[PDB]
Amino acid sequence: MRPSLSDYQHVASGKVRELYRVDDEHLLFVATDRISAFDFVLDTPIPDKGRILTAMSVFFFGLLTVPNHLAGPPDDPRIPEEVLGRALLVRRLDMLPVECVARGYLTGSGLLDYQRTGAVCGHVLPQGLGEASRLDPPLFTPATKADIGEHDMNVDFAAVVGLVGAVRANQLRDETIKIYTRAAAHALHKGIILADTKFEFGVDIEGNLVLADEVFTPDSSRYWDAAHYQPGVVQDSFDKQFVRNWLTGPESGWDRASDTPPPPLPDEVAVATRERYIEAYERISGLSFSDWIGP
């Protein structure tokens, strides 16, 4: 018999994920079906999104050879029935206060920083780059979390040194770029560009660096369709473009420049979005989502 979620102490909530204490050395890392668009958590959940993203993360943890925080299988008996398939048993780490971002392509705040200054996180880039330009080598573009309201703040390597130590900063940079490169090549071979990605790391009792949080989900990474990659214009979000298009289209009745909370999504947009997540997962993993565990 699996424990109830109510048997565990809630210790943290994010926009779409939750964290629970299991015991002194383990946590329960829970994905919900919530989806964020335009910095709003939307009213409408995407069915099975939590399970699909958990499956994705587990696949990539298995693909990478680096130590990670997984502490049991996806069907570990410590996982409650209610969150089966969308929750992982993980080792408690001392988390390092750095958002470890790799960018293989120039978009979002990386592009904006470049357009304003010619540089991103201390990297002075070639002239003539633009939206969705390929970066080679990939850039380490670290960030720090800001207040409840603001977006993460881009920082340079010196800031990372000041946060975690000189040798540790080098390690974060090198590991971030190495594992991004591996995952990006894998995905591209399957027809998906991972344009960028965000990692969090922690340290275990021995001082070892351990990859944590979630890895290479479409929430932590920009997924693009490689078959439609066209430098110079904004690439469609593989998973979220239907949501984006509807919210900013003629049917929603919502003005994005209002910063008022957006309206609920049509059921068929939510179902279509679920299908995009499943397609991304199956293409990348070579596995069938119908085989992924659930309640």
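Here, rigid core means the biggest group of C-alpha atoms that superpose within 1.5 Å across both forms. A residue's number is simply how far along the shown sequence it sits, counting from 1.
- Between stretches 146-154 and 218-226, greater average Cα displacement in 8 other deposited structures of this protein relative to the shown form, fitted by the core, falls on 146-154.
- On average the C-alpha atoms of 152-160 have higher B-factors than those of the other stretch, with 212-220 and 152-160 being the two compared.
- Taking the PDB entry as given, 130-138 carries the higher mean Cα B factor of the two stretches 100-108 and 130-138.
- Out of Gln230, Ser237, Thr260, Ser57, the entry records its largest CA B-factor for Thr260.
- Within the listed group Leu28, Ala31, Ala37, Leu70, the record reports its top CA B-factor for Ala37.
- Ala270: CA B factor in the highest third of modelled residues in this chain (values from the PDB entry).
- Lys190 sits in the highest third of its chain by CA B factor, as recorded in the PDB entry.
- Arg86: CA B factor lies in the lowest third for its chain, per the PDB record.
- Sort the modelled residues of the chain by CA B factor and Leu42 lands in the highest third.
- Annotation for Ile205: C-alpha temperature factor in the highest third relative to the rest of the modelled chain, per the entry.
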